[PDB]
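Here the structure is laid out as structure tokens; the discussion comes afterwards.
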Amino acid sequence: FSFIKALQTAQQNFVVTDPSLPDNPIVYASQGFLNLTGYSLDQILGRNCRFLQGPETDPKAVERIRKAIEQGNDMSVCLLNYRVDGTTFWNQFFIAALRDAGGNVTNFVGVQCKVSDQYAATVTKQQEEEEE
Amino acid sequence: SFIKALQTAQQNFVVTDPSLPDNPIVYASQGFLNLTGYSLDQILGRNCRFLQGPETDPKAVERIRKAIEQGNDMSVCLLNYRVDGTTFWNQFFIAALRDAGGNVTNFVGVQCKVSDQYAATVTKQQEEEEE
Ligand SMILES: Cc1cc2nc3c(=O)[nH]c(=O)nc-3n(C[C@H](O)[C@H](O)[C@H](O)COP(=O)(O)O)c2cc1C
Ligand SMILES: Cc1cc2nc3c(=O)[nH]c(=O)nc-3n(C[C@H](O)[C@H](O)[C@H](O)COP(=O)(O)O)c2cc1C
Ligand SMILES: [Cl-]
């Protein structure tokens, strides 16, 4: 199944990046990503998604995503991300590596879900208890 | 719904209930039954580890075990066993479903049968994460 078509239909917040390009930049973003983050598309295309990060983002959470990308692994993390206006929100984030029939990573899709503080407390706790 | 999406897409997948002991299957798609050869009576109310066998990489299974311990999404390529003992390469994905309060309510696991060439490529990268 097209996971992307599934996300389009469900009108989710997601982006697709191209690892064949230096620094793995956004080459597609849904309307949902734009509404959520406040960015317009010319602000987002061709950029690494790390702009979503800021001073209050947990760097160990970011490392999980980094490893997942190095391994062509699917993963999820709850971390804090930044809107175009500098304000934060909690992101239940998911990333998938898409592979061809030959097994080679061809793209990444990242899905963003806004969650409450209460939600984040629970998930971040198990993340910190994982880190310790 | 991730589950409604998998239904529509006619995927091979299961949903388990971690609120019951040993986190048993409480739903299995038709795709899953076709793939593994299991019937619904043999698997409903059971834990998925029956898919594993002697030639499965115990390190891939461990990768799956941590995801459940942490309530994380993950994907692994490992060898699984059908109801008659034959093997197939499984590009597996597991997701934790959470309520609004952040509590894991379910696990969803999706199985995609892949070629020897595919498994070769991915499993090599899995093995390479030695140090
Ligand atoms: C498809 C895709 C989507 C991503 N989405 C997010 C995101 O929503 N929020 C975030 O903080 N990082 C996201 N990332 C991670 C960053 O782009 C980047 O990989 C992260 O900073 C790790 O790289 P670095 O340590 O070199 O900065 C995403 C990565 C990819 C490939
Ligand atoms: C929803 C779900 C689907 C699973 N699917 C598979 C699978 O397809 N193949 C597999 O080898 N293990 C699968 N597992 C993992 C086993 O069910 C079990 O969690 C794993 O063997 C580790 O648990 P254990 O330490 O008790 O053996 C799945 C687990 C869950 C929760
Ligand atoms: Cl998927």
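Residues are named by chain letter and number: chains run A, B, ... in the order of the structure tokens, numbers start at 1 in each chain, and ligands are numbered from 1 in the order shown.
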task = Would you kindly report the residues of chain B within 9 Å of chain A, using only C-alpha atoms, as JSON, numbers by chain?
result = {"B": [1, 2, 5, 6, 9, 10, 11, 69, 70, 71, 72, 73, 74, 75, 76, 93, 94, 95, 98, 99, 100, 101, 102, 103, 114, 115, 117, 118, 119, 120, 121, 122, 125, 126, 129]}
Residues from last step as file, N, CA and C atoms, as a compact mmCIF listing (two decimals), in the first residue's frame:
# COMPACT_ATOMS: atom_id res chain seq x y z
N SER B 1 -7.61 6.51 11.37
CA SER B 1 -7.20 5.27 12.05
C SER B 1 -6.13 4.52 11.27
N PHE B 2 -5.01 4.24 11.92
CA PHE B 2 -3.95 3.43 11.30
C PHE B 2 -4.49 2.03 10.97
N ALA B 5 -6.84 2.14 8.02
CA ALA B 5 -5.98 2.29 6.84
C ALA B 5 -5.42 0.94 6.38
N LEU B 6 -4.95 0.14 7.33
CA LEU B 6 -4.41 -1.17 7.01
C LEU B 6 -5.50 -2.07 6.48
N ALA B 9 -6.21 -1.07 2.86
CA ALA B 9 -5.06 -1.44 2.05
C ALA B 9 -4.85 -2.94 2.00
N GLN B 10 -5.74 -3.68 2.65
CA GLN B 10 -5.65 -5.13 2.70
C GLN B 10 -4.23 -5.64 3.06
N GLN B 11 -3.72 -5.18 4.19
CA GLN B 11 -2.40 -5.56 4.66
C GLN B 11 -2.44 -6.83 5.50
N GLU B 69 8.83 -2.84 25.22
CA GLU B 69 9.20 -2.39 26.56
C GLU B 69 9.08 -0.88 26.65
N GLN B 70 9.43 -0.20 25.57
CA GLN B 70 9.46 1.26 25.58
C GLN B 70 8.22 1.90 24.99
N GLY B 71 7.36 1.12 24.34
CA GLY B 71 6.22 1.69 23.64
C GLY B 71 6.65 2.56 22.47
N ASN B 72 7.54 2.02 21.63
CA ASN B 72 8.15 2.68 20.48
C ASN B 72 7.74 2.03 19.19
N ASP B 73 7.77 2.77 18.10
CA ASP B 73 7.63 2.13 16.82
C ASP B 73 8.95 1.62 16.34
N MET B 74 8.95 0.44 15.71
CA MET B 74 10.18 -0.03 15.09
C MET B 74 9.90 -0.95 13.91
N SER B 75 10.93 -1.16 13.11
CA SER B 75 10.84 -2.08 12.00
C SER B 75 12.08 -2.97 12.02
N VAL B 76 11.90 -4.24 11.69
CA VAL B 76 13.02 -5.17 11.59
C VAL B 76 12.78 -6.15 10.44
N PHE B 93 6.92 -4.35 10.97
CA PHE B 93 6.80 -3.06 11.58
C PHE B 93 5.88 -3.19 12.77
N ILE B 94 6.27 -2.62 13.92
CA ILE B 94 5.42 -2.63 15.10
C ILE B 94 5.19 -1.22 15.62
N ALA B 95 3.95 -0.93 15.95
CA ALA B 95 3.58 0.38 16.44
C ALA B 95 2.88 0.25 17.78
N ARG B 98 -1.43 4.83 21.49
CA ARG B 98 -1.63 5.44 22.79
C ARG B 98 -2.92 6.27 22.83
N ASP B 99 -3.52 6.35 24.01
CA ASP B 99 -4.64 7.24 24.19
C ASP B 99 -4.12 8.66 24.33
N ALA B 100 -5.03 9.59 24.55
CA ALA B 100 -4.69 11.00 24.67
C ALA B 100 -3.85 11.29 25.92
N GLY B 101 -3.95 10.42 26.92
CA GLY B 101 -3.19 10.60 28.13
C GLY B 101 -1.80 10.04 28.03
N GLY B 102 -1.48 9.41 26.90
CA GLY B 102 -0.14 8.89 26.67
C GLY B 102 0.05 7.42 27.04
N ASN B 103 -1.03 6.74 27.41
CA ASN B 103 -0.94 5.32 27.78
C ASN B 103 -1.07 4.39 26.60
N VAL B 114 9.17 -10.34 2.00
CA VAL B 114 10.16 -9.77 1.09
C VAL B 114 11.06 -10.82 0.47
N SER B 115 11.71 -10.45 -0.64
CA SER B 115 12.56 -11.36 -1.41
C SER B 115 13.86 -11.67 -0.70
N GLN B 117 16.74 -11.13 -2.00
CA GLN B 117 17.59 -9.98 -2.32
C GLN B 117 17.35 -8.83 -1.35
N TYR B 118 16.07 -8.51 -1.12
CA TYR B 118 15.68 -7.48 -0.15
C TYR B 118 16.23 -7.79 1.26
N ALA B 119 15.90 -8.97 1.78
CA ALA B 119 16.35 -9.36 3.11
C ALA B 119 17.88 -9.32 3.23
N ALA B 120 18.56 -9.74 2.17
CA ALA B 120 20.02 -9.71 2.15
C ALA B 120 20.56 -8.28 2.42
N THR B 121 20.01 -7.32 1.69
CA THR B 121 20.41 -5.94 1.78
C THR B 121 20.16 -5.37 3.18
N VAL B 122 18.93 -5.51 3.68
CA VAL B 122 18.56 -4.95 4.98
C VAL B 122 19.25 -5.69 6.13
N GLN B 125 22.78 -4.65 6.90
CA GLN B 125 22.87 -3.40 7.64
C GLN B 125 22.51 -3.60 9.13
N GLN B 126 21.64 -4.56 9.42
CA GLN B 126 21.26 -4.89 10.79
C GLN B 126 22.41 -5.56 11.53
N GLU B 129 25.52 -3.27 12.67
CA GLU B 129 25.48 -2.43 13.85
C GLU B 129 26.01 -3.26 15.03
Excluding residue 53 of chain A and residues on its chain fewer than 6 positions from it, collect all residues at most 10 Å away from it, counting only C-alpha atoms, and give them as a compact mmCIF listing (two decimals) with N, CA, C and O atoms, in the first residue's frame.
# COMPACT_ATOMS: atom_id res chain seq x y z
N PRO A 59 17.80 16.64 23.29
CA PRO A 59 18.78 16.13 22.33
C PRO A 59 18.92 14.60 22.30
O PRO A 59 19.35 14.06 21.28
N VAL A 62 16.30 13.56 19.84
CA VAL A 62 16.81 13.79 18.49
C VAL A 62 17.77 12.68 18.04
O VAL A 62 17.75 12.27 16.87
N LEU A 79 8.98 14.48 21.10
CA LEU A 79 9.84 15.63 21.36
C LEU A 79 9.12 16.91 21.07
O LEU A 79 8.09 16.94 20.40
N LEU A 80 9.73 17.99 21.54
CA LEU A 80 9.18 19.33 21.43
C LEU A 80 9.68 20.01 20.15
O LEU A 80 10.88 20.00 19.86
N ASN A 81 8.76 20.55 19.35
CA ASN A 81 9.16 21.22 18.12
C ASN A 81 8.70 22.67 18.07
O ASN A 81 7.88 23.11 18.87
N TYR A 82 9.23 23.40 17.10
CA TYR A 82 9.02 24.84 17.02
C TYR A 82 8.23 25.30 15.79
O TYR A 82 8.47 24.85 14.66
N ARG A 83 7.27 26.17 16.04
CA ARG A 83 6.52 26.79 14.97
C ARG A 83 7.29 27.92 14.34
O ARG A 83 8.33 28.36 14.86
N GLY A 86 8.17 30.69 16.66
CA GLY A 86 9.07 30.42 17.78
C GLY A 86 8.41 29.73 18.96
O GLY A 86 9.07 29.40 19.94
N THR A 88 6.41 26.62 20.88
CA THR A 88 6.60 25.18 20.85
C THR A 88 5.29 24.39 20.88
O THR A 88 4.21 24.93 21.15
ask   = Mind listing the residues within 8 Å of ligand 2, only C-alpha atoms and all ligand atoms counted, as number ranges by chain?
value = B: 13-18, 22-25, 47-52, 56, 61-62, 64-65, 68, 78-80, 90, 92-95, 106-111
Writing out the chosen residues with N, CA, C and O atoms as a short mmCIF file (atom, residue, chain, number, x, y, z; two decimals), in the first residue's frame:
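For reference, out_9.cif as written:
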data_model
loop_
_atom_site.label_atom_id
_atom_site.label_comp_id
_atom_site.auth_asym_id
_atom_site.auth_seq_id
_atom_site.Cartn_x
_atom_site.Cartn_y
_atom_site.Cartn_z
N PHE B 13 -1.70 -7.91 8.99
CA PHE B 13 -1.38 -7.29 10.26
C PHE B 13 -2.14 -7.86 11.43
O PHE B 13 -3.19 -8.48 11.25
N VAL B 14 -1.62 -7.61 12.63
CA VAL B 14 -2.31 -7.98 13.87
C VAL B 14 -2.35 -6.84 14.87
O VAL B 14 -1.57 -5.89 14.79
N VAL B 15 -3.27 -6.96 15.81
CA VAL B 15 -3.39 -6.04 16.92
C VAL B 15 -3.41 -6.87 18.22
O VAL B 15 -4.16 -7.84 18.33
N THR B 16 -2.59 -6.50 19.19
CA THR B 16 -2.61 -7.24 20.43
C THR B 16 -3.08 -6.33 21.56
O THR B 16 -3.09 -5.11 21.42
N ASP B 17 -3.44 -6.94 22.67
CA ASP B 17 -3.95 -6.25 23.84
C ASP B 17 -3.01 -6.41 25.04
O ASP B 17 -3.02 -7.42 25.72
N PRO B 18 -2.19 -5.39 25.31
CA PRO B 18 -1.21 -5.47 26.41
C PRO B 18 -1.86 -5.49 27.81
O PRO B 18 -1.17 -5.68 28.81
N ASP B 22 0.54 -11.48 28.78
CA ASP B 22 1.34 -11.93 27.63
C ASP B 22 0.94 -11.31 26.30
O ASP B 22 1.40 -11.76 25.24
N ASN B 23 0.14 -10.23 26.35
CA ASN B 23 -0.04 -9.37 25.18
C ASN B 23 -0.49 -10.12 23.93
O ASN B 23 0.15 -10.06 22.89
N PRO B 24 -1.62 -10.81 24.02
CA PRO B 24 -2.10 -11.73 22.98
C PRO B 24 -2.77 -11.03 21.80
O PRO B 24 -3.23 -9.91 21.96
N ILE B 25 -2.82 -11.70 20.65
CA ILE B 25 -3.56 -11.24 19.47
C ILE B 25 -5.08 -11.16 19.73
O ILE B 25 -5.70 -12.18 20.05
N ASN B 47 0.08 -14.91 21.85
CA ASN B 47 1.22 -14.05 21.62
C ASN B 47 1.93 -14.40 20.31
O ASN B 47 2.03 -15.56 19.95
N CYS B 48 2.41 -13.40 19.58
CA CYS B 48 2.94 -13.61 18.25
C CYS B 48 4.25 -14.37 18.14
O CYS B 48 4.65 -14.71 17.02
N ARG B 49 4.90 -14.67 19.26
CA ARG B 49 6.25 -15.24 19.20
C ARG B 49 6.28 -16.60 18.49
O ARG B 49 7.33 -17.09 18.11
N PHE B 50 5.11 -17.19 18.27
CA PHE B 50 5.03 -18.44 17.54
C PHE B 50 5.53 -18.31 16.11
O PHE B 50 5.81 -19.31 15.48
N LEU B 51 5.61 -17.08 15.60
CA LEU B 51 6.15 -16.82 14.28
C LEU B 51 7.66 -17.05 14.21
O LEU B 51 8.24 -17.16 13.13
N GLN B 52 8.31 -17.11 15.36
CA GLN B 52 9.75 -17.29 15.38
C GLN B 52 10.13 -18.77 15.36
O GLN B 52 9.30 -19.64 15.60
N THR B 56 15.78 -17.92 13.25
CA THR B 56 15.49 -16.50 13.41
C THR B 56 16.67 -15.89 14.17
O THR B 56 17.24 -16.51 15.07
N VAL B 61 14.78 -10.23 17.15
CA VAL B 61 13.71 -10.41 18.10
C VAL B 61 13.92 -9.46 19.27
O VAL B 61 12.96 -8.88 19.76
N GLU B 62 15.16 -9.29 19.69
CA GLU B 62 15.48 -8.35 20.76
C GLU B 62 15.15 -6.91 20.42
O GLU B 62 14.71 -6.15 21.27
N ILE B 64 12.73 -6.08 18.51
CA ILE B 64 11.27 -6.05 18.72
C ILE B 64 10.89 -5.99 20.20
O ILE B 64 9.92 -5.36 20.57
N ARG B 65 11.63 -6.69 21.04
CA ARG B 65 11.32 -6.72 22.46
C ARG B 65 11.48 -5.34 23.12
O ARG B 65 10.67 -4.97 23.97
N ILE B 68 8.53 -2.85 22.45
CA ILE B 68 7.38 -3.13 23.29
C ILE B 68 7.61 -2.65 24.73
O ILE B 68 6.72 -2.09 25.37
N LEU B 78 13.38 -9.93 9.74
CA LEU B 78 13.77 -11.22 10.30
C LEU B 78 13.06 -12.35 9.59
O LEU B 78 12.15 -12.14 8.79
N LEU B 79 13.51 -13.56 9.89
CA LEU B 79 12.96 -14.78 9.31
C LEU B 79 11.84 -15.28 10.21
O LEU B 79 12.03 -15.39 11.42
N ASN B 80 10.65 -15.52 9.65
CA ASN B 80 9.55 -16.06 10.44
C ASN B 80 9.05 -17.41 9.90
O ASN B 80 9.36 -17.80 8.77
N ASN B 90 10.45 -11.58 6.69
CA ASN B 90 9.43 -10.66 7.17
C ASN B 90 9.99 -9.27 7.42
O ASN B 90 10.73 -9.06 8.37
N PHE B 92 9.11 -6.45 9.08
CA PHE B 92 8.12 -6.27 10.11
C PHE B 92 8.10 -4.85 10.67
O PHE B 92 9.14 -4.23 10.84
N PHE B 93 6.92 -4.35 10.97
CA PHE B 93 6.80 -3.06 11.58
C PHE B 93 5.88 -3.19 12.77
O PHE B 93 4.82 -3.81 12.66
N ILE B 94 6.27 -2.62 13.92
CA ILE B 94 5.42 -2.63 15.10
C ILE B 94 5.19 -1.22 15.62
O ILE B 94 6.12 -0.41 15.73
N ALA B 95 3.95 -0.93 15.95
CA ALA B 95 3.58 0.38 16.44
C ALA B 95 2.88 0.25 17.78
O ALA B 95 2.13 -0.68 18.00
N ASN B 106 -2.64 -0.49 22.78
CA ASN B 106 -2.53 -1.62 21.86
C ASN B 106 -1.18 -1.65 21.21
O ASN B 106 -0.43 -0.70 21.34
N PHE B 107 -0.87 -2.75 20.54
CA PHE B 107 0.26 -2.81 19.61
C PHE B 107 -0.28 -3.31 18.31
O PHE B 107 -1.14 -4.18 18.30
N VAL B 108 0.19 -2.71 17.22
CA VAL B 108 -0.11 -3.15 15.87
C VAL B 108 1.17 -3.57 15.21
O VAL B 108 2.16 -2.84 15.23
N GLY B 109 1.16 -4.76 14.63
CA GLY B 109 2.30 -5.28 13.91
C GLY B 109 1.92 -5.64 12.49
O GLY B 109 0.91 -6.32 12.28
N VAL B 110 2.72 -5.16 11.54
CA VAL B 110 2.47 -5.40 10.12
C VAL B 110 3.61 -6.23 9.50
O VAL B 110 4.79 -5.92 9.66
N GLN B 111 3.24 -7.28 8.77
CA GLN B 111 4.22 -8.18 8.17
C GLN B 111 4.23 -8.08 6.65
O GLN B 111 3.22 -8.31 5.99
#
ask   = Expressed in Å to a single decimal, how great is the separation between atom CA of residue 43 of chain A and atom 24 (P, counted along the ligand's line) of ligand 1?
value =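 Interatomic distance, atom CA of residue 43 of chain A to atom 24 (P, counted along the ligand's line) of ligand 1: 19.0 Å.
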inquiry  = ligand 1: which residues are within 10 Å, counting only C-alpha atoms and all ligand atoms? Reply as an MDAnalysis selection string.
reply    = chainID A and resid 13:19 23:29 33 37 47:54 57:70 72 77:82 90:97 107:113
key: Residue nearest ligand 3 among A:45, A:4, A:84, A:34 (counting only C-alpha atoms and all ligand atoms)   =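 The shortest atom-to-atom distance to ligand 3 comes from A:4.
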Could you give me the residues within chain B that DSSP places in alpha helix (DSSP H), as a PDB file with N, CA and C atoms, in the first residue's frame?
ATOM      1  N   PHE B   2      -5.007   4.238  11.919  1.00  0.00           N
ATOM      2  CA  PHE B   2      -3.948   3.435  11.301  1.00  0.00           C
ATOM      3  C   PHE B   2      -4.492   2.028  10.968  1.00  0.00           C
ATOM      4  N   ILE B   3      -5.341   1.506  11.849  1.00  0.00           N
ATOM      5  CA  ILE B   3      -5.967   0.206  11.655  1.00  0.00           C
ATOM      6  C   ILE B   3      -6.959   0.201  10.486  1.00  0.00           C
ATOM      7  N   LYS B   4      -7.816   1.218  10.410  1.00  0.00           N
ATOM      8  CA  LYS B   4      -8.755   1.325   9.292  1.00  0.00           C
ATOM      9  C   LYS B   4      -7.981   1.452   7.983  1.00  0.00           C
ATOM     10  N   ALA B   5      -6.837   2.137   8.024  1.00  0.00           N
ATOM     11  CA  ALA B   5      -5.984   2.285   6.844  1.00  0.00           C
ATOM     12  C   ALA B   5      -5.418   0.944   6.384  1.00  0.00           C
ATOM     13  N   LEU B   6      -4.952   0.140   7.334  1.00  0.00           N
ATOM     14  CA  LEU B   6      -4.407  -1.169   7.010  1.00  0.00           C
ATOM     15  C   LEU B   6      -5.497  -2.073   6.481  1.00  0.00           C
ATOM     16  N   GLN B   7      -6.712  -1.993   7.052  1.00  0.00           N
ATOM     17  CA  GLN B   7      -7.860  -2.766   6.537  1.00  0.00           C
ATOM     18  C   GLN B   7      -8.072  -2.553   5.065  1.00  0.00           C
ATOM     19  N   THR B   8      -8.267  -1.277   4.744  1.00  0.00           N
ATOM     20  CA  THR B   8      -8.524  -0.819   3.398  1.00  0.00           C
ATOM     21  C   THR B   8      -7.448  -1.291   2.463  1.00  0.00           C
ATOM     22  N   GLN B  30      -7.177 -10.891   7.249  1.00  0.00           N
ATOM     23  CA  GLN B  30      -7.234 -12.004   6.318  1.00  0.00           C
ATOM     24  C   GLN B  30      -5.893 -12.179   5.640  1.00  0.00           C
ATOM     25  N   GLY B  31      -5.195 -11.066   5.434  1.00  0.00           N
ATOM     26  CA  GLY B  31      -3.893 -11.110   4.791  1.00  0.00           C
ATOM     27  C   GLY B  31      -2.909 -11.898   5.620  1.00  0.00           C
ATOM     28  N   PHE B  32      -2.971 -11.668   6.925  1.00  0.00           N
ATOM     29  CA  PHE B  32      -2.121 -12.362   7.846  1.00  0.00           C
ATOM     30  C   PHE B  32      -2.388 -13.873   7.814  1.00  0.00           C
ATOM     31  N   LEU B  33      -3.663 -14.266   7.856  1.00  0.00           N
ATOM     32  CA  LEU B  33      -4.016 -15.687   7.814  1.00  0.00           C
ATOM     33  C   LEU B  33      -3.491 -16.326   6.522  1.00  0.00           C
ATOM     34  N   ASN B  34      -3.663 -15.631   5.404  1.00  0.00           N
ATOM     35  CA  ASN B  34      -3.208 -16.165   4.145  1.00  0.00           C
ATOM     36  C   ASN B  34      -1.715 -16.354   4.163  1.00  0.00           C
ATOM     37  N   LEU B  35      -0.996 -15.371   4.695  1.00  0.00           N
ATOM     38  CA  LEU B  35       0.457 -15.387   4.663  1.00  0.00           C
ATOM     39  C   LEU B  35       1.051 -16.489   5.549  1.00  0.00           C
ATOM     40  N   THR B  36       0.584 -16.567   6.789  1.00  0.00           N
ATOM     41  CA  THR B  36       1.193 -17.459   7.772  1.00  0.00           C
ATOM     42  C   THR B  36       0.571 -18.847   7.733  1.00  0.00           C
ATOM     43  N   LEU B  40      -7.697 -18.570  12.352  1.00  0.00           N
ATOM     44  CA  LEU B  40      -8.060 -17.652  13.408  1.00  0.00           C
ATOM     45  C   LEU B  40      -8.150 -18.362  14.782  1.00  0.00           C
ATOM     46  N   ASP B  41      -8.657 -19.592  14.782  1.00  0.00           N
ATOM     47  CA  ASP B  41      -8.788 -20.398  16.003  1.00  0.00           C
ATOM     48  C   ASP B  41      -7.452 -20.768  16.619  1.00  0.00           C
ATOM     49  N   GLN B  42      -6.414 -20.812  15.794  1.00  0.00           N
ATOM     50  CA  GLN B  42      -5.117 -21.223  16.294  1.00  0.00           C
ATOM     51  C   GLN B  42      -4.376 -20.050  16.931  1.00  0.00           C
ATOM     52  N   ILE B  43      -4.702 -18.819  16.539  1.00  0.00           N
ATOM     53  CA  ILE B  43      -3.879 -17.677  16.937  1.00  0.00           C
ATOM     54  C   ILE B  43      -4.554 -16.644  17.837  1.00  0.00           C
ATOM     55  N   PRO B  58      18.156 -14.017  16.929  1.00  0.00           N
ATOM     56  CA  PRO B  58      17.637 -13.595  18.229  1.00  0.00           C
ATOM     57  C   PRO B  58      17.861 -12.110  18.478  1.00  0.00           C
ATOM     58  N   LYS B  59      18.838 -11.497  17.804  1.00  0.00           N
ATOM     59  CA  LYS B  59      19.063 -10.047  17.908  1.00  0.00           C
ATOM     60  C   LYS B  59      17.970  -9.196  17.222  1.00  0.00           C
ATOM     61  N   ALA B  60      17.356  -9.711  16.159  1.00  0.00           N
ATOM     62  CA  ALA B  60      16.205  -9.044  15.561  1.00  0.00           C
ATOM     63  C   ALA B  60      14.992  -9.077  16.516  1.00  0.00           C
ATOM     64  N   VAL B  61      14.784 -10.229  17.146  1.00  0.00           N
ATOM     65  CA  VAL B  61      13.709 -10.410  18.101  1.00  0.00           C
ATOM     66  C   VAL B  61      13.916  -9.459  19.265  1.00  0.00           C
ATOM     67  N   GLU B  62      15.163  -9.291  19.689  1.00  0.00           N
ATOM     68  CA  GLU B  62      15.478  -8.350  20.757  1.00  0.00           C
ATOM     69  C   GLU B  62      15.152  -6.913  20.417  1.00  0.00           C
ATOM     70  N   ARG B  63      15.405  -6.546  19.169  1.00  0.00           N
ATOM     71  CA  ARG B  63      15.037  -5.234  18.662  1.00  0.00           C
ATOM     72  C   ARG B  63      13.512  -5.046  18.825  1.00  0.00           C
ATOM     73  N   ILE B  64      12.728  -6.080  18.515  1.00  0.00           N
ATOM     74  CA  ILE B  64      11.270  -6.050  18.724  1.00  0.00           C
ATOM     75  C   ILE B  64      10.889  -5.992  20.202  1.00  0.00           C
ATOM     76  N   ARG B  65      11.629  -6.689  21.042  1.00  0.00           N
ATOM     77  CA  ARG B  65      11.323  -6.715  22.461  1.00  0.00           C
ATOM     78  C   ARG B  65      11.481  -5.339  23.122  1.00  0.00           C
ATOM     79  N   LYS B  66      12.521  -4.589  22.757  1.00  0.00           N
ATOM     80  CA  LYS B  66      12.715  -3.256  23.316  1.00  0.00           C
ATOM     81  C   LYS B  66      11.603  -2.298  22.924  1.00  0.00           C
ATOM     82  N   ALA B  67      11.142  -2.380  21.683  1.00  0.00           N
ATOM     83  CA  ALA B  67      10.089  -1.495  21.202  1.00  0.00           C
ATOM     84  C   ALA B  67       8.826  -1.618  22.051  1.00  0.00           C
ATOM     85  N   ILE B  68       8.530  -2.847  22.455  1.00  0.00           N
ATOM     86  CA  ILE B  68       7.381  -3.133  23.294  1.00  0.00           C
ATOM     87  C   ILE B  68       7.614  -2.654  24.732  1.00  0.00           C
ATOM     88  N   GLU B  69       8.833  -2.839  25.223  1.00  0.00           N
ATOM     89  CA  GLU B  69       9.196  -2.387  26.560  1.00  0.00           C
ATOM     90  C   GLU B  69       9.080  -0.881  26.649  1.00  0.00           C
ATOM     91  N   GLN B  70       9.427  -0.200  25.569  1.00  0.00           N
ATOM     92  CA  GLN B  70       9.459   1.257  25.582  1.00  0.00           C
ATOM     93  C   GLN B  70       8.218   1.904  24.995  1.00  0.00           C
ATOM     94  N   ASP B 116      14.594 -12.669  -1.191  1.00  0.00           N
ATOM     95  CA  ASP B 116      15.907 -12.944  -0.614  1.00  0.00           C
ATOM     96  C   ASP B 116      16.856 -11.767  -0.828  1.00  0.00           C
ATOM     97  N   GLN B 117      16.743 -11.126  -1.995  1.00  0.00           N
ATOM     98  CA  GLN B 117      17.589  -9.984  -2.324  1.00  0.00           C
ATOM     99  C   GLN B 117      17.350  -8.829  -1.349  1.00  0.00           C
ATOM    100  N   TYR B 118      16.071  -8.508  -1.121  1.00  0.00           N
ATOM    101  CA  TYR B 118      15.680  -7.482  -0.149  1.00  0.00           C
ATOM    102  C   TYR B 118      16.226  -7.789   1.259  1.00  0.00           C
ATOM    103  N   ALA B 119      15.900  -8.969   1.785  1.00  0.00           N
ATOM    104  CA  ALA B 119      16.348  -9.361   3.113  1.00  0.00           C
ATOM    105  C   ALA B 119      17.877  -9.325   3.230  1.00  0.00           C
ATOM    106  N   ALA B 120      18.564  -9.744   2.171  1.00  0.00           N
ATOM    107  CA  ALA B 120      20.025  -9.705   2.152  1.00  0.00           C
ATOM    108  C   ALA B 120      20.558  -8.281   2.421  1.00  0.00           C
ATOM    109  N   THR B 121      20.014  -7.321   1.685  1.00  0.00           N
ATOM    110  CA  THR B 121      20.409  -5.936   1.778  1.00  0.00           C
ATOM    111  C   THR B 121      20.157  -5.370   3.178  1.00  0.00           C
ATOM    112  N   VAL B 122      18.928  -5.514   3.677  1.00  0.00           N
ATOM    113  CA  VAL B 122      18.564  -4.946   4.976  1.00  0.00           C
ATOM    114  C   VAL B 122      19.248  -5.694   6.131  1.00  0.00           C
ATOM    115  N   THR B 123      19.249  -7.024   6.092  1.00  0.00           N
ATOM    116  CA  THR B 123      19.836  -7.785   7.195  1.00  0.00           C
ATOM    117  C   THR B 123      21.321  -7.539   7.327  1.00  0.00           C
ATOM    118  N   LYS B 124      21.994  -7.260   6.214  1.00  0.00           N
ATOM    119  CA  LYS B 124      23.409  -6.941   6.315  1.00  0.00           C
ATOM    120  C   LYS B 124      23.603  -5.674   7.149  1.00  0.00           C
ATOM    121  N   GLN B 125      22.783  -4.654   6.898  1.00  0.00           N
ATOM    122  CA  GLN B 125      22.871  -3.397   7.641  1.00  0.00           C
ATOM    123  C   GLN B 125      22.513  -3.595   9.131  1.00  0.00           C
ATOM    124  N   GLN B 126      21.642  -4.561   9.416  1.00  0.00           N
ATOM    125  CA  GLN B 126      21.262  -4.894  10.793  1.00  0.00           C
ATOM    126  C   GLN B 126      22.412  -5.556  11.529  1.00  0.00           C
ATOM    127  N   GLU B 127      23.119  -6.411  10.804  1.00  0.00           N
ATOM    128  CA  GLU B 127      24.275  -7.108  11.329  1.00  0.00           C
ATOM    129  C   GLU B 127      25.429  -6.146  11.543  1.00  0.00           C
TER     130      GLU B 127
END
inquiry  = Using only C-alpha atoms for the distances, tell me which of B:112, B:89, B:37, B:105 is nearest to residue 20 of chain B.
reply    =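 Selected residue with least distance to residue 20 of chain B: B:105.
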request  = Using only C-alpha atoms and all ligand atoms, pick whichever of B:44, B:12, B:104, B:83 has the shortest atom-to-atom distance to ligand 3.
outcome  =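 Distance minimum relative to ligand 3 lands on B:12.
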key: Best match for closeness to ligand 3 among A:98, A:40, A:85, A:11, counting only C-alpha atoms and all ligand atoms   = A:98
request  = To one decimal in Å, tell me the separation between atom CA of residue 97 of chain B and atom CA of residue 28 of chain B.
outcome  =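 So the two atoms, atom CA of residue 97 of chain B and atom CA of residue 28 of chain B, lie 16.1 Å apart.
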query = Which of chain B counts as strand (DSSP E) under DSSP, as a PyMOL selection string please?
reply = chain B and resi 13-16+25-28+74-81+87-98+104-114
